[PDB]
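There are 2 protein chains.
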Amino acid sequence: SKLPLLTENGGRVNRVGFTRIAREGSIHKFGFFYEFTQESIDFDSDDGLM
Amino acid sequence: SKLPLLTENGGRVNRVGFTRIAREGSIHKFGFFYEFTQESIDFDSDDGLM
Numbered sequence: 102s103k104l105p106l107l108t109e110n111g112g113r114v115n116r117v118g119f120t121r122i123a124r125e126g127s128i129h130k131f132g133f134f135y136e137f138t139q140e141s142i143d144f145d146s147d148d149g150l151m
Numbered sequence: 102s103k104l105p106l107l108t109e110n111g112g113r114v115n116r117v118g119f120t121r122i123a124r125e126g127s128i129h130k131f132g133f134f135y136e137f138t139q140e141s142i143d144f145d146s147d148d149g150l151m
């Protein structure tokens, strides 16, 4: 039913159009830490704990 | 739920810790013996019993 058919003498019969689509992404930040005291590393039995 | 996330100013946000474990083992002592006489060696049928 929807085939583009052209007459012997044709003008302005079939037109087409186009579109475009956009996509996106984002960024985030993470982190964590830990704490200690000098006495802990100084009096500990195991050297090289850090 | 428990992911570490950061804002621009991150103060005292995520903290962690650590642990260690110890193992052990010991030793023991075993032994047994036997005894004989001189006649049992001198008068026996075959030499090389020892």
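Going down the list, the sequences are from chains D and I.
Heads up: the first sequence runs through residues 102 to 151, numbered per the authors' numbering.
Heads up: the second sequence runs through residues 102 to 151, numbered per the authors' numbering.
Using N, Cα and C, we set each Cβ at its ideal position, and we do this for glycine too.
Can you tell me the Cα-Cα spacing of D/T108 and D/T120, whole angstroms? Mapped onto the first sequence, residue 108 of chain D falls at position 7. Mapped onto the first sequence, residue 120 of chain D falls at position 19. Going by C-alpha positions, D/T108 is about 28 Å away from D/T120.
Along the chain, where does the alpha helix (DSSP H) that runs through D/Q139 open and close? Taking the first sequence and counting its residues from 1, one reaches residue 139 of chain D at position 38. In the DSSP assignment, D/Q139 falls within the alpha helix (DSSP H) that extends over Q139 to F144.
Can you check whether the CB of I/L106 is closer than 8 Å to the CB of D/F131? As a first step, residue 131 of chain D is located in the first sequence; it is residue number 30 there, counting from the start. As a first step, residue 106 of chain I is located in the second sequence; it is residue number 5 there, counting from the start. Taking 8 Å as the Cβ cut-off, D/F131 and I/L106 qualify as a contacting pair.
What does I/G111 reach in chain D if we use C-beta pairs closer than 8 Å? Position 10 of the second sequence holds residue 111 of chain I. The contacting residues are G132.
Along chain D, in chain order, which residues have C-beta atoms closer than 8 Å to that of I/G118? Translated into the one-based positions of the second sequence, residue 118 of chain I becomes position 17. In chain order: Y135.
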